[PDB]
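Notes to accompany the following structure.
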Amino acid sequence: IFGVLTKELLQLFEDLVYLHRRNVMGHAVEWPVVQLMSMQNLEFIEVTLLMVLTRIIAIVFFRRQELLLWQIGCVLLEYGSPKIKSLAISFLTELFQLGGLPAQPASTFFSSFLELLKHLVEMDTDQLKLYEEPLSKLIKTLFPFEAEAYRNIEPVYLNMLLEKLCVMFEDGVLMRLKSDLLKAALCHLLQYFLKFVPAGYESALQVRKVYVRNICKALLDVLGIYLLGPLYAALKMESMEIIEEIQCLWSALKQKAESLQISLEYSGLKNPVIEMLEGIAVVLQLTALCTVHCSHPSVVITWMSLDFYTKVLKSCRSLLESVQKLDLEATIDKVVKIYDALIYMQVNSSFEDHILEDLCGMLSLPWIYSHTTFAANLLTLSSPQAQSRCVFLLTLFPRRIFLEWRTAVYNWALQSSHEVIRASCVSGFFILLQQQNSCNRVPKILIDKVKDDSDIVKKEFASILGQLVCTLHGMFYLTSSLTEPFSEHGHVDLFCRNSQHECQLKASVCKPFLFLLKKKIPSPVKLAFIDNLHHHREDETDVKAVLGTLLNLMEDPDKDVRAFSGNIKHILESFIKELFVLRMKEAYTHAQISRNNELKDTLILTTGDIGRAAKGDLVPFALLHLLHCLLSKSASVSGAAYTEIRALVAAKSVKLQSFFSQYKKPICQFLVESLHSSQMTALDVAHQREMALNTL
Amino acid sequence: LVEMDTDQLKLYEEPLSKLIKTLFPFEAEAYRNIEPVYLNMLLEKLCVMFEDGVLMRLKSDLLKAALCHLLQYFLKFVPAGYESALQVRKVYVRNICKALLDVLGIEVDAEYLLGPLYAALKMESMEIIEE
Amino acid sequence: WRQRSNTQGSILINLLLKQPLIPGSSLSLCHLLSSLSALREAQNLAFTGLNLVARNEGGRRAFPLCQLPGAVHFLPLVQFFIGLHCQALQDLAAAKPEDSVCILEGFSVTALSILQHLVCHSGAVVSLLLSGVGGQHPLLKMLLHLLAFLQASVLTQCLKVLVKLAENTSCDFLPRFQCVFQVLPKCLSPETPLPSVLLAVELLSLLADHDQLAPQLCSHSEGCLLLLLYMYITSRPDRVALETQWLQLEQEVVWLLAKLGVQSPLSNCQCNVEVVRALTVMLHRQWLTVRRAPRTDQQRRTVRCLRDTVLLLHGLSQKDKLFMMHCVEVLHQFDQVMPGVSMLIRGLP
Amino acid sequence: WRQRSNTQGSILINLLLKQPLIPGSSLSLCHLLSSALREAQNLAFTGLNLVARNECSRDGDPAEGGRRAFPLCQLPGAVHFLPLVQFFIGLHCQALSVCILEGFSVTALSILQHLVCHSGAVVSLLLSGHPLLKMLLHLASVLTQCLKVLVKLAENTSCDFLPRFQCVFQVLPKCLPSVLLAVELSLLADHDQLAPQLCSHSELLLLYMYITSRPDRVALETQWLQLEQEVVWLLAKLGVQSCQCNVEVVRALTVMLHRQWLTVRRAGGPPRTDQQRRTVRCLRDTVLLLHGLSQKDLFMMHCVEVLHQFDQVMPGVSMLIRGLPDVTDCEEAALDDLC
């Protein structure tokens, strides 16, 4: 009945398209389009129709009957102007996510993308407001971040993408100022095919690499005079191409960086202070690239020299003195970030111990106190995130100069705890000594300093728990940087982010930090409360205290955070059963008092997880109690149980009926005893027996 | 070309067209005379109008005579040459043959059409020579 | 039209030009493109046809496909290649070497798939197929003979070409196509691959297009051809289909199941009983999603799949007079499905 | 231009593509492409075809200054075709079954001439060295055709840069029917500017002896006219520059001259035949040639020893020239001076 109504609706949609088609010819105009008809008014009616249509299209979901409307939609998009064209494109994009790309739209669909590429070079800012960043996101949808649709993307579509490559940055439109949402999309677009390097049989390949060199000129874009940070990741991808490919133009790019350095050389002002900072940005990425990239042969190949960089930083240090109080400020914070970048560039080893001492002075730069060659003279010479960055610079240094000072700096982080700076202190305490971590002691420090630990800081404390907690005192690397790629548009934040826990701990040894996580504790989210345990003995009563914390997890403010399931199972794999059985009985009793199915469901899932993790009969006995629940009426119960039994089998790698004899036996006798309990209080004789037989 | 110079095109009449017929493949024809690159298709864009064979539509009988010369050019086109396919010519110059029959249906005198009719005799004669 | 129309044809020519534009093909067109002499003449004609395409740039049209006498001539050259592939298929039946002859047919089949793309690109090739011997095209009839016979993937591609023709094709052309389907249902196999199964779903879309195809029905159970195919869909083993891709083939099947209900015309039917079992298999996928509790495109699809399930649930009650009885066989799954539905309600915005 | 200009270049690519492509060669050029680098070049050729599809190359290389008169299209991706051409240079390298590529290579050169028409810049790339073209200069009738493609390239080449291209050919001796077509060099005279000194010789006359020889079997009247046009180009070259060898070229001209006009008199007809029309043009050229000989000199005395035979042809020719449409008054004035 809906379909017959739909057929009438499709004819109405066709009539609106026909009115658009007459407009597309631009010649004769039909005398009647109805009522009273205005071409702009018809467009206004159409835009309202499209939003209903987008809901209708998902509802349509008709094979061989949707691409033609989508093919019509690209033509409609050409008729459409700005946002009105964009909303139709968005409706098509949602359809595109469901249908991938229609074969029939073919080149014309590519052409609609091409028209947008033509639009981007010369698009009105008001037109840009009409244009949708989400529509750009749909273009992002068109080429997958990994392979996906882009891997399946047509070679002819790839040629259209190559035409797109000529447009924008090869055009130099990308260098030209653009709306940020469009600019980010352009950076994403280079990333979608070039960064992925997906396919490319359609792509130029060695011819493409020459195009990539043209792309590199495009990559400088505004250059010395957002997406560029995305481009910087993209530039890092170009560096990644140099890595491995060199193993068996970048030097010119280094020369371009040198030219930016030359502008700094002519004057600190002559280098754009932000632009010099931008060149400094991705210098660490350059450090990650090349020899760091080779790490993850001869070493004759040289990464840009740290000493040349240090001289640039020294020029930067002079430039900060040069900057007026009105000057610098947030820009000064960026210069400090570049100094932080230099510390990241140093990575495992500082090029100069003296430079490292200079770096400790640099971390104080704007605000000091607590924990220096300059000493009083540095004070003499002349942000919550900024305080965190200063803390990070101290964090990057371990021991060495001011090793005692670093403990004092941790005290300074304790001394100021507002907003991020309170959060910054919590991060600082966790990373305060790599050496302190290697020795085994209670962490104390900030966690000892505030019982509440803040709320954002408490989330930081959970992150600290991952560094501590399950992770062992012995330290390997002592660096959390690992091999991070790009975290989307997310701020770098902590410098370092990317078998059993970390390189015996009493539950009492966990002490307060273990105490801080609680069912009573707000959580919301449990988040990193699982911490190190979630992600290299004889606890006894202390293990039971840990079990009580696990029981609070079992209550789960969030059923999804119960999270406890599986992560808890891995811990179990690494005496407990009598306590666990008691905990399960308490949970059942709590569930009965609640009389809530959803709470019961969380418990049932937990019970199933405990059985799947368990290699022992007693968890199966716990499963048998669930089977008793299966006998129980009110839904869930056995239908839930049948799924649970299959789940038990999957963990089991069970033999089915052969598994069942092992599964039953004494447990089967327990099942017979449960049937016997039904016999003890039938309250239906044979009728009671028939219900039991159905359970059987 | 059929309506490019209007009255001025009428003033050139047959002669600008006659010069074109002389210019390409005139009498001698040959692969050398006609570029492979122009191909059968460069002749073909003119040919689709020939398939219509609208001599009555054409403003000048003398212009038609240049068109009749073009039909002679089509006879020259029959032969073996680069950029020409014999099956393609039957596919192409089949509607033009229908147009010649249409000219036969309503002509007071064959005239320029009579030369086309000789052209119609040509190829039909060639089929007799082969088939 | 005008320059844009010429470009679309040129892009279609470009796809033929790429060698091998098809994956797993050393070249497409060119050496692949070329009586042996008659075939060579066709190859020369095909180059001419491409040149003709260069020379010249609502529902029945569907996506507009340019129609050219030259496009038809290129199609004829394609037909000559198809005849060589058709001759290879007859040779393979004679054969009991043969794989190399089959590889040449596969090359042509890849060429046909480019031809199928060309058919989407050009109205004229589709119209020639529509005209048939008098019906299925004699060149089309040879393709049907190939259908009667990597080769299976080529057959799926040919089915895809028919489906592309079908959106372009008139419902009457689909009726001429119909009964190819009667053999096609026999052709479809559990053994045959999931991408081929997606092509079968396209064949189901073709059945909707033709009223006689609509007349063939899942109802009448095993005796009905549709119910047996639906039962295979209901089983959803999806052994060829992998991970999300297995789900995507299932999602296409769900759209096809929805389409029959949308159609006015659409155990008395084996398929309706199978559909309750199929809903349970979808429910099992939903339960895995529920355990995950939609940043992933597949995860967004799963939310879409749950919405499809909600439409399916109204349909499932319609499918079985004993809706409760179908639930009782799938009822333990159905209780899980209700739990999944509650998770879905949280997912729904 | 854009796509419409692009199609004409694509059609040239198609002609190589068309079965047996152009000239009846079995290879489709893409078929000829069908080692690992050569396979990559074939991939590049498909990309060049893709470049042809875009029509981006057309309406490219817009400035017409210096090279090839009105500007050639950019033909971007011509270089990818050139890489395939370099692969063609690689084929048959041992020679420079056996020389199978030569026929494909000549086809590649003909395609290269179409490509040369396609891109002014592509011609510039070959001049830079391209490098394969320099190798071709370092290394039969197809080779003569390749030189003709180079001659088309010279017309494309900008002035002075073209003189550099003349410098690029290794030797004048190396430059020394199909060979006759190659003689019909003339392009360098057409590219008037530098290389006038190269045109000046040491003792040309041997070529004039070949023109007297009429060695090619076809001996086409049009072919003879083409040799006459080459002699006329040499006469134009002499004027740009500012002997007994000149008399020897004149002696070859005289053998043609006795037939000229007298053959027309035997016909007693307007020259409807294209060869007859060509002869009429040649007769006007001969009157122009006589004016050029008068400008040269001294020259008359060398002319006098063979002059009596020339005069018997000349008196009939003078009557023929006044009648001929091809004959022109400036050439006629020299004829009147002879009278």
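Identifiers in the structure tokens: chain A, B, ... in order shown; residue index from 1 per chain; ligand index from 1 in order shown.
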All residues 10 Å or closer to residue 27 in chain B, only C-alpha atoms, same chain fewer than 6 positions away omitted, as JSON, numbers by chain | {"B": [21, 72, 73, 76], "D": [273, 274]}
Considering only C-alpha atoms, extract the chain A residues located within 8 Å of chain C and return them as JSON, numbers by chain.
-> {"A": [1, 2, 3, 4, 14, 61, 62, 63, 64, 65, 67, 68, 71, 72, 97, 98, 103, 104, 105, 107, 108, 155, 156, 560, 635, 636, 638, 639, 640, 642, 643]}
Residue 187 in chain C environment, 8 Å, only C-alpha atoms, sequence neighbours closer than 3 positions dropped, as a compact mmCIF listing (two decimals) with N, CA and C atoms, in the first residue's frame:
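That gives us part.txt:
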```txt
# COMPACT_ATOMS: atom_id res chain seq x y z
N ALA C 148 24.06 -20.16 -20.02
CA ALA C 148 23.68 -21.59 -19.89
C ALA C 148 24.91 -22.39 -19.48
N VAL C 183 15.91 -20.40 -16.06
CA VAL C 183 17.18 -21.20 -16.07
C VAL C 183 18.12 -20.63 -14.99
N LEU C 184 18.15 -19.30 -14.83
CA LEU C 184 19.06 -18.66 -13.84
C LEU C 184 18.79 -19.21 -12.43
```
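With only C-alpha atoms taken into account, the protein and nucleic acid residues at most 12 Å from residue 654 in chain A (excluding it and anything under 5 positions from it in its own chain) are residues 612, 615, 645, 646, 647, 648, 649, 659, 660, 661, 662 and 663 of chain A.
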Using the chain letters and numbers from this document, which residues of range 34-278 of chain C does DSSP assign to alpha helix (DSSP H), as an NGL selection string?
-> :C and (36-55 or 69-94 or 98-121 or 123-131 or 138-148 or 151-168 or 173-177 or 180-187 or 194-209 or 225-235 or 243-262 or 270-278)
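Closest approach to chain A among D:41, D:128, D:107, D:279 is made by D:41 (distances from only C-alpha atoms).
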